[PDB]
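Undergrad: Structure file start-v9.txt, compact mmCIF, C-alpha atoms and all ligand atoms, is pasted below:
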# COMPACT_ATOMS: atom_id res chain seq x y z
CA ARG A 1 1.49 49.92 -217.82
CA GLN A 2 1.90 53.65 -218.72
CA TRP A 3 -0.40 55.03 -221.43
CA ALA A 4 -0.74 58.11 -223.65
CA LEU A 5 -3.48 59.62 -225.87
CA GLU A 6 -2.06 58.32 -229.18
CA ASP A 7 -2.46 54.74 -227.90
CA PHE A 8 -6.18 55.01 -228.54
CA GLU A 9 -8.69 55.81 -231.26
CA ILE A 10 -11.38 58.09 -229.82
CA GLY A 11 -14.97 57.10 -230.48
CA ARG A 12 -18.37 58.55 -229.82
CA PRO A 13 -19.25 60.64 -226.77
CA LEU A 14 -21.03 58.43 -224.23
CA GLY A 15 -22.19 61.37 -222.08
CA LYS A 16 -21.29 64.11 -219.60
CA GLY A 17 -20.11 63.44 -216.02
CA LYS A 18 -20.05 66.56 -213.79
CA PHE A 19 -16.21 66.54 -213.71
CA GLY A 20 -15.69 65.25 -217.30
CA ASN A 21 -16.94 63.83 -220.63
CA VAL A 22 -16.74 60.15 -221.52
CA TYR A 23 -15.81 58.62 -224.88
CA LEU A 24 -15.84 55.19 -226.40
CA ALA A 25 -12.25 54.39 -227.38
CA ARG A 26 -10.12 51.48 -228.56
CA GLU A 27 -6.50 50.66 -227.76
CA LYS A 28 -4.80 50.61 -231.21
CA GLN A 29 -2.44 47.62 -230.74
CA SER A 30 -4.97 45.18 -229.26
CA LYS A 31 -8.18 46.67 -230.63
CA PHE A 32 -9.63 46.50 -227.05
CA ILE A 33 -12.88 48.53 -226.62
CA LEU A 34 -13.24 50.66 -223.51
CA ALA A 35 -14.42 53.96 -222.04
CA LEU A 36 -12.13 56.90 -221.55
CA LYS A 37 -12.99 59.83 -219.24
CA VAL A 38 -11.41 63.20 -220.01
CA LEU A 39 -11.00 65.33 -216.85
CA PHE A 40 -9.35 68.77 -216.77
CA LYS A 41 -6.34 69.64 -214.57
CA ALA A 42 -7.79 73.11 -213.91
CA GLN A 43 -11.39 72.23 -212.91
CA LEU A 44 -10.01 69.47 -210.62
CA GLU A 45 -7.75 71.80 -208.62
CA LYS A 46 -10.43 74.56 -208.29
CA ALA A 47 -12.79 72.15 -206.49
CA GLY A 48 -9.91 70.65 -204.42
CA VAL A 49 -10.83 67.16 -205.69
CA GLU A 50 -7.43 66.26 -207.23
CA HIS A 51 -6.53 64.37 -204.08
CA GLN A 52 -9.99 62.76 -204.22
CA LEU A 53 -9.25 61.30 -207.65
CA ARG A 54 -5.93 59.85 -206.50
CA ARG A 55 -7.80 58.12 -203.67
CA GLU A 56 -10.26 56.62 -206.17
CA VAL A 57 -7.65 55.41 -208.64
CA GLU A 58 -5.74 53.86 -205.72
CA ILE A 59 -8.90 52.24 -204.35
CA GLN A 60 -10.11 51.05 -207.75
CA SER A 61 -7.02 49.09 -208.81
CA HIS A 62 -7.35 47.14 -205.54
CA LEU A 63 -10.83 46.03 -206.53
CA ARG A 64 -12.12 43.24 -208.79
CA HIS A 65 -15.73 42.00 -208.92
CA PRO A 66 -18.04 40.99 -211.79
CA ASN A 67 -20.45 43.75 -210.63
CA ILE A 68 -17.92 46.53 -210.16
CA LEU A 69 -16.71 48.60 -213.14
CA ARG A 70 -12.99 48.07 -213.76
CA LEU A 71 -10.63 50.94 -213.92
CA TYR A 72 -7.71 49.83 -216.02
CA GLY A 73 -5.44 52.78 -215.35
CA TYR A 74 -4.98 56.55 -215.63
CA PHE A 75 -2.66 59.10 -217.25
CA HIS A 76 -2.20 62.83 -217.80
CA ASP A 77 -0.93 65.20 -220.40
CA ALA A 78 -0.57 68.95 -219.72
CA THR A 79 -4.21 70.01 -219.55
CA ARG A 80 -5.96 66.91 -218.26
CA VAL A 81 -6.31 63.52 -216.58
CA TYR A 82 -7.61 60.43 -218.37
CA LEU A 83 -9.39 57.45 -216.79
CA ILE A 84 -9.26 54.20 -218.76
CA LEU A 85 -12.47 52.38 -218.04
CA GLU A 86 -14.21 49.11 -218.62
CA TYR A 87 -16.95 49.99 -221.09
CA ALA A 88 -20.56 49.16 -220.30
CA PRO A 89 -22.54 48.66 -223.55
CA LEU A 90 -26.02 48.82 -222.00
CA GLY A 91 -25.60 52.29 -220.38
CA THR A 92 -27.05 53.54 -217.10
CA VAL A 93 -29.85 52.16 -214.92
CA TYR A 94 -30.79 55.82 -214.75
CA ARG A 95 -31.59 55.68 -218.48
CA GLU A 96 -33.39 52.36 -218.12
CA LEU A 97 -35.56 53.95 -215.43
CA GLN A 98 -36.63 56.85 -217.70
CA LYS A 99 -37.10 54.47 -220.61
CA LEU A 100 -39.19 51.97 -218.51
CA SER A 101 -40.67 54.45 -215.93
CA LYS A 102 -40.33 51.88 -213.13
CA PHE A 103 -39.00 48.33 -212.75
CA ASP A 104 -40.93 45.17 -211.90
CA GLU A 105 -40.12 43.23 -208.73
CA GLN A 106 -37.95 40.73 -210.67
CA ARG A 107 -35.55 43.31 -212.13
CA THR A 108 -35.57 45.22 -208.84
CA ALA A 109 -34.61 42.17 -206.67
CA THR A 110 -31.92 41.04 -209.15
CA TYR A 111 -30.25 44.46 -209.09
CA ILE A 112 -30.41 44.54 -205.26
CA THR A 113 -28.71 41.13 -205.16
CA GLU A 114 -26.04 42.24 -207.65
CA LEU A 115 -25.55 45.44 -205.65
CA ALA A 116 -25.49 43.61 -202.32
CA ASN A 117 -22.82 41.13 -203.55
CA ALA A 118 -20.78 43.95 -205.01
CA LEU A 119 -21.33 45.97 -201.82
CA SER A 120 -20.62 42.91 -199.67
CA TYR A 121 -17.33 42.30 -201.39
CA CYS A 122 -16.36 45.93 -200.96
CA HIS A 123 -17.01 45.88 -197.24
CA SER A 124 -14.86 42.81 -196.66
CA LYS A 125 -12.04 44.85 -198.31
CA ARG A 126 -12.65 47.77 -195.80
CA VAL A 127 -14.20 50.01 -198.52
CA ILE A 128 -17.42 52.06 -198.50
CA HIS A 129 -18.99 53.68 -201.56
CA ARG A 130 -20.30 56.93 -200.06
CA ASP A 131 -22.68 57.94 -202.83
CA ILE A 132 -24.29 55.23 -204.98
CA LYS A 133 -27.03 56.39 -207.35
CA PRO A 134 -28.65 55.27 -210.62
CA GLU A 135 -26.22 57.50 -212.54
CA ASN A 136 -23.42 55.34 -211.19
CA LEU A 137 -25.00 52.05 -212.08
CA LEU A 138 -24.02 50.82 -215.50
CA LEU A 139 -25.14 47.72 -217.36
CA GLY A 140 -22.88 45.08 -218.98
CA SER A 141 -23.47 43.13 -222.20
CA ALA A 142 -25.50 40.41 -220.48
CA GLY A 143 -27.36 43.21 -218.67
CA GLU A 144 -25.31 42.88 -215.44
CA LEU A 145 -25.34 45.84 -213.10
CA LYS A 146 -21.94 47.48 -212.56
CA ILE A 147 -21.26 50.07 -209.89
CA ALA A 148 -19.11 53.00 -211.03
CA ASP A 149 -17.24 55.87 -209.38
CA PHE A 150 -15.47 55.10 -206.13
CA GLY A 151 -14.02 58.58 -206.05
CA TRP A 152 -16.02 59.42 -202.93
CA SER A 153 -15.06 56.17 -201.07
CA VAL A 154 -13.34 56.05 -197.61
CA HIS A 155 -11.95 54.62 -194.32
CA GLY A 156 -25.28 68.23 -205.40
CA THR A 157 -28.64 66.44 -205.08
CA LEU A 158 -29.11 64.83 -201.66
CA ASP A 159 -31.61 62.08 -202.59
CA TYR A 160 -29.23 59.14 -201.99
CA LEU A 161 -27.41 60.34 -198.91
CA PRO A 162 -28.22 58.98 -195.47
CA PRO A 163 -29.01 61.26 -192.50
CA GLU A 164 -25.66 60.69 -190.76
CA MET A 165 -23.96 62.10 -193.82
CA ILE A 166 -26.17 65.15 -194.30
CA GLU A 167 -26.61 65.92 -190.58
CA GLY A 168 -22.83 66.50 -190.80
CA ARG A 169 -22.37 63.40 -188.58
CA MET A 170 -20.12 60.26 -188.38
CA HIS A 171 -20.67 57.42 -190.89
CA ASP A 172 -19.77 53.71 -191.33
CA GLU A 173 -20.52 50.91 -193.90
CA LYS A 174 -24.15 51.24 -192.82
CA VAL A 175 -24.29 54.18 -195.28
CA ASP A 176 -24.51 51.75 -198.19
CA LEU A 177 -27.55 49.99 -196.78
CA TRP A 178 -29.40 53.29 -196.71
CA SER A 179 -28.47 53.61 -200.35
CA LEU A 180 -29.85 50.17 -201.07
CA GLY A 181 -33.18 51.25 -199.53
CA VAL A 182 -33.39 54.47 -201.54
CA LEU A 183 -32.45 52.52 -204.71
CA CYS A 184 -34.86 49.73 -204.03
CA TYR A 185 -37.75 52.17 -203.51
CA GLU A 186 -36.83 54.15 -206.66
CA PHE A 187 -36.71 51.09 -208.90
CA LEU A 188 -40.26 50.11 -207.97
CA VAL A 189 -41.86 53.53 -207.53
CA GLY A 190 -39.94 55.25 -210.35
CA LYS A 191 -38.62 58.14 -208.23
CA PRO A 192 -36.55 58.38 -205.00
CA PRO A 193 -38.42 58.26 -201.58
CA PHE A 194 -37.34 61.70 -200.28
CA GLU A 195 -37.51 63.56 -203.56
CA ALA A 196 -38.50 67.22 -203.36
CA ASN A 197 -38.16 70.42 -205.41
CA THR A 198 -35.80 72.00 -202.91
CA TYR A 199 -32.57 70.96 -201.22
CA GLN A 200 -33.68 72.51 -197.92
CA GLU A 201 -36.79 70.33 -198.00
CA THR A 202 -35.37 67.07 -199.27
CA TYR A 203 -33.08 67.73 -196.31
CA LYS A 204 -36.07 67.70 -193.91
CA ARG A 205 -37.65 64.58 -195.47
CA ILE A 206 -34.42 62.57 -195.33
CA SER A 207 -33.72 63.75 -191.76
CA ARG A 208 -37.20 62.71 -190.60
CA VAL A 209 -37.17 59.56 -192.79
CA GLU A 210 -40.38 60.81 -194.19
CA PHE A 211 -41.67 58.56 -196.98
CA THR A 212 -44.86 56.74 -198.02
CA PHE A 213 -45.52 53.92 -200.51
CA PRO A 214 -47.78 54.04 -203.52
CA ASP A 215 -50.46 51.38 -203.25
CA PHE A 216 -49.00 49.00 -205.90
CA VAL A 217 -45.98 48.28 -203.74
CA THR A 218 -46.26 44.84 -202.19
CA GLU A 219 -45.85 44.12 -198.48
CA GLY A 220 -42.64 42.23 -199.19
CA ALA A 221 -41.08 45.26 -200.86
CA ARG A 222 -42.29 47.60 -198.07
CA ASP A 223 -40.80 45.21 -195.54
CA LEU A 224 -37.32 45.38 -196.99
CA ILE A 225 -37.36 49.11 -197.75
CA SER A 226 -38.77 49.84 -194.29
CA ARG A 227 -35.93 47.83 -192.76
CA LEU A 228 -33.17 49.48 -194.84
CA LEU A 229 -34.25 53.11 -194.42
CA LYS A 230 -33.62 53.39 -190.69
CA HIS A 231 -32.43 56.70 -189.17
CA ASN A 232 -30.05 54.90 -186.83
CA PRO A 233 -27.24 53.20 -188.81
CA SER A 234 -26.88 50.32 -186.31
CA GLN A 235 -30.51 49.31 -186.81
CA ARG A 236 -29.99 48.59 -190.54
CA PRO A 237 -29.67 44.93 -191.78
CA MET A 238 -26.46 43.04 -192.52
CA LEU A 239 -25.75 42.90 -196.23
CA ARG A 240 -26.52 39.18 -195.94
CA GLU A 241 -29.94 39.66 -194.27
CA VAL A 242 -30.76 41.59 -197.42
CA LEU A 243 -29.46 38.71 -199.55
CA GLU A 244 -31.43 36.25 -197.44
CA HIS A 245 -34.59 38.28 -197.68
CA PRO A 246 -37.69 36.28 -198.59
CA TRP A 247 -38.79 38.93 -201.09
CA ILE A 248 -35.28 39.14 -202.52
CA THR A 249 -35.06 35.33 -202.82
CA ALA A 250 -38.64 34.85 -204.06
CA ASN A 251 -37.92 37.40 -206.82
CA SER A 252 -34.19 37.48 -207.67
CA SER A 253 -32.64 35.64 -210.68
CA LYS A 254 -28.96 35.88 -209.69
CA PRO A 255 -27.24 33.85 -206.89
CA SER A 256 -25.59 35.35 -203.75
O1 LIG B 1 -15.67 60.36 -212.04
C1 LIG B 1 -15.22 59.55 -211.23
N1 LIG B 1 -14.42 59.92 -210.24
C2 LIG B 1 -14.09 61.20 -210.09
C3 LIG B 1 -14.00 62.03 -211.20
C4 LIG B 1 -13.66 63.37 -211.05
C5 LIG B 1 -13.41 63.88 -209.78
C6 LIG B 1 -13.50 63.05 -208.67
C7 LIG B 1 -13.84 61.71 -208.82
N2 LIG B 1 -15.50 58.25 -211.32
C8 LIG B 1 -16.29 57.80 -212.29
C9 LIG B 1 -17.62 58.20 -212.35
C10 LIG B 1 -18.45 57.74 -213.36
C11 LIG B 1 -17.94 56.87 -214.32
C12 LIG B 1 -18.85 56.35 -215.44
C13 LIG B 1 -18.40 56.88 -216.80
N3 LIG B 1 -19.33 56.42 -217.84
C14 LIG B 1 -19.13 55.26 -218.45
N4 LIG B 1 -18.10 54.48 -218.11
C15 LIG B 1 -17.90 53.32 -218.71
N5 LIG B 1 -18.70 52.88 -219.66
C16 LIG B 1 -19.76 53.60 -220.06
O2 LIG B 1 -20.73 53.38 -221.00
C17 LIG B 1 -21.58 54.46 -220.98
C18 LIG B 1 -22.69 54.62 -221.79
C19 LIG B 1 -23.34 55.85 -221.85
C20 LIG B 1 -24.45 56.02 -222.66
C21 LIG B 1 -24.93 54.95 -223.41
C22 LIG B 1 -24.29 53.72 -223.36
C23 LIG B 1 -23.17 53.56 -222.55
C24 LIG B 1 -21.13 55.36 -220.03
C25 LIG B 1 -21.73 56.57 -219.71
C26 LIG B 1 -20.99 57.75 -219.79
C27 LIG B 1 -21.58 58.96 -219.48
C28 LIG B 1 -22.91 59.01 -219.08
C29 LIG B 1 -23.65 57.83 -219.00
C30 LIG B 1 -23.06 56.62 -219.32
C31 LIG B 1 -20.00 54.83 -219.44
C32 LIG B 1 -16.61 56.47 -214.27
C33 LIG B 1 -15.79 56.94 -213.25
Go ahead and render the structure in this file as structure tokens.

TA:
Amino acid sequence: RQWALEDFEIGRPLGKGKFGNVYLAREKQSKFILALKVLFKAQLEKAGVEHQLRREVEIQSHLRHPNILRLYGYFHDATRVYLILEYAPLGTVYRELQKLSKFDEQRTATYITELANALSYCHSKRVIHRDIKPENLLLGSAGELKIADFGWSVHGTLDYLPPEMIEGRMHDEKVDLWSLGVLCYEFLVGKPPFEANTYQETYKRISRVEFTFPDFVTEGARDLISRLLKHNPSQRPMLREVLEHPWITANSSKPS
């Protein structure tokens, strides 16, 4: 499988990513619908992220899960690199958040389950997704959550980063559980738990784990978030304890 630009009809712009635009597109021979991300050779070098992208592509084509976004392949011409992507009709959870303001406990729990599964499968394959955020959470046709962008994976706004990562310290799979906590809080409250107007100060909040709950947040939710957002990685739940959780299970529509 080696592609080229003329293999595809280019469709509407889907939106800007910080390193490239995305377009709907359709492979001419099969009429297969998909997303195509146009990245520039020049911008990629300048930031020293060209090797980062190779890592991703490599990592991605090892991965297959109903709740992870497929990468079908890649290719370059002179000026640019192209990522051939599974297309996610229902857009970002980020957009659904702004549209809805905040999610109810049923949508929240379901997403956490879908994320945990997806995250749980990744861990078993020795892979960590360093920065998960609502921008990187797409929806499928049935409304399934799909994690995007492994380009940071291993082994800008700070809201979703755990202490160990911002304190310039050493990090393990326990990173992702912090991210679950931040996401879980944000879904229910409608904005992330450390959010500030400065970087320097979001830095403090995250570092001190300094957050409080609006009053409409049930004990069950507080219990899970409180357990996920722990300063010490090793104190954070197993991905399965999350999947077991009595507020997850009482609320969630999807299996585990
Ligand atoms: O970008 C990297 N890695 C990387 C890149 C450069 C340097 C280093 C690493 N990975 C990466 C990151 C993000 C993506 C997601 C690309 N959007 C998408 N990918 C697939 N289907 C999609 O469908 C949509 C869609 C948009 C609006 C309305 C309805 C549907 C999008 C979409 C595109 C831009 C913004 C918001 C959503 C979308 C894909 C890959």

Undergrad: Residues near segment 225-237 of chain A, anyone? I mean within 7 Å using all atoms listed in the file, not counting same-chain ones fewer than 5 positions away, as a ChimeraX atom specification.

TA: /A:163,174,177-178,181,184-185,209,242

Undergrad: Show me a table, sorted first by chain and then by increasing residue number, of the residues of chain A having an atom at most 8 Å from ligand LIG 1 (chain B), each with its shortest atom pair and the distance in Å to one decimal, counting all atoms listed in the file and written as a Markdown table.

TA:
| residue | atom | partner | partner_atom | distance |
| --- | --- | --- | --- | --- |
| A:13 | CA | B:LIG1 | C26 | 7.8 |
| A:14 | CA | B:LIG1 | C19 | 4.2 |
| A:15 | CA | B:LIG1 | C27 | 3.6 |
| A:16 | CA | B:LIG1 | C27 | 5.2 |
| A:17 | CA | B:LIG1 | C27 | 5.8 |
| A:18 | CA | B:LIG1 | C4 | 7.6 |
| A:19 | CA | B:LIG1 | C4 | 4.9 |
| A:20 | CA | B:LIG1 | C4 | 6.8 |
| A:21 | CA | B:LIG1 | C27 | 6.8 |
| A:22 | CA | B:LIG1 | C26 | 5.2 |
| A:23 | CA | B:LIG1 | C26 | 7.3 |
| A:24 | CA | B:LIG1 | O2 | 7.5 |
| A:34 | CA | B:LIG1 | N5 | 7.0 |
| A:35 | CA | B:LIG1 | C15 | 4.9 |
| A:36 | CA | B:LIG1 | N4 | 7.3 |
| A:37 | CA | B:LIG1 | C13 | 6.6 |
| A:39 | CA | B:LIG1 | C4 | 6.7 |
| A:44 | CA | B:LIG1 | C5 | 6.6 |
| A:49 | CA | B:LIG1 | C6 | 5.7 |
| A:50 | CA | B:LIG1 | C5 | 6.9 |
| A:52 | CA | B:LIG1 | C6 | 5.7 |
| A:53 | CA | B:LIG1 | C6 | 4.7 |
| A:56 | CA | B:LIG1 | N1 | 6.7 |
| A:69 | CA | B:LIG1 | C15 | 7.4 |
| A:71 | CA | B:LIG1 | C33 | 7.9 |
| A:83 | CA | B:LIG1 | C33 | 7.3 |
| A:85 | CA | B:LIG1 | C15 | 5.6 |
| A:86 | CA | B:LIG1 | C15 | 5.6 |
| A:87 | CA | B:LIG1 | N5 | 3.7 |
| A:88 | CA | B:LIG1 | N5 | 4.2 |
| A:89 | CA | B:LIG1 | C23 | 5.0 |
| A:90 | CA | B:LIG1 | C22 | 5.4 |
| A:91 | CA | B:LIG1 | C23 | 3.5 |
| A:92 | CA | B:LIG1 | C30 | 5.5 |
| A:135 | CA | B:LIG1 | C29 | 7.0 |
| A:136 | CA | B:LIG1 | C10 | 5.9 |
| A:138 | CA | B:LIG1 | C16 | 6.8 |
| A:148 | CA | B:LIG1 | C11 | 5.2 |
| A:149 | CA | B:LIG1 | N2 | 3.5 |
| A:150 | CA | B:LIG1 | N2 | 6.1 |
| A:151 | CA | B:LIG1 | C7 | 4.2 |
| A:152 | CA | B:LIG1 | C7 | 6.7 |

Undergrad: Would you mind telling me which residue in A:194, A:199, A:187, A:103 lies nearest to residue 156 of chain A when using all atoms listed in the file?

TA: A:199

Undergrad: Using only C-alpha atoms, which protein or nucleic acid residues come within 7 Å of segment 107-110 of chain A? Drop anything in the same chain fewer than 5 positions from it, and give the result as a list in words.

TA: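 Counting only C-alpha atoms, the residues come to residues 184, 187, 188, 248, 251, 252, 253 and 254 of chain A.
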
Undergrad: Counting only C-alpha atoms, which residue out of A:207, A:29, A:98, A:67 sits closest to residue 144 of chain A?

TA: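 Closest residue, counting only C-alpha atoms: A:67.
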
Undergrad: For residue 214 of chain A, which residue among A:51, A:100, A:186, A:58 is the nearest when counting only C-alpha atoms?

TA: A:186

Undergrad: Rounded to one decimal in Å, what is the spacing between atom CA of residue 65 of chain A and atom CA of residue 113 of chain A?

TA: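 Going from atom CA of residue 65 of chain A over to atom CA of residue 113 of chain A, I get 13.5 Å.
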
Undergrad: Separation of atom CA of residue 84 of chain A and atom CA of residue 160 of chain A, in Å?

TA: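 Answer for the atom CA of residue 84 of chain A to atom CA of residue 160 of chain A separation: 26.5 Å.
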
Undergrad: Just give me the gap between atom CA of residue 190 of chain A and atom CA of residue 102 of chain A in Å, one decimal is fine.

TA: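 Distance reported for this atom pair: 4.4 Å.
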
Undergrad: Determine the nearest neighbour of residue 63 of chain A from the options A:5, A:127, A:250, A:189, counting all atoms listed in the file.

TA: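 Distance minimum relative to residue 63 of chain A lands on A:127.
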
Undergrad: A:201, A:173, A:223, A:114: which is nearest residue 243 of chain A, counting all atoms listed in the file?

TA: A:114

Undergrad: Provide an axis-aligned box for all listed atoms of segment 167-182 of chain A, padding each side by 6 Å; report its centre and its edge lengths in Å to one decimal, as lines of an AutoDock Vina configuration file.

TA:
center_x = -26.6
center_y = 58.2
center_z = -195.0
size_x = 25.6
size_y = 28.5
size_z = 25.2

Undergrad: Using all atoms listed in the file, which of A:133, A:1, A:41, A:171 sits nearest residue 157 of chain A?

TA: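 The closest residue to residue 157 of chain A is A:133.
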
Undergrad: Select, counting only C-alpha atoms, all protein, DNA and RNA residues no farther than 10 Å from (0.0, 57.0, -214.7) in file coordinates, and express the selection as a VMD selection string.

TA: chain A and resid 1 to 4 57 73 to 76 81 to 83
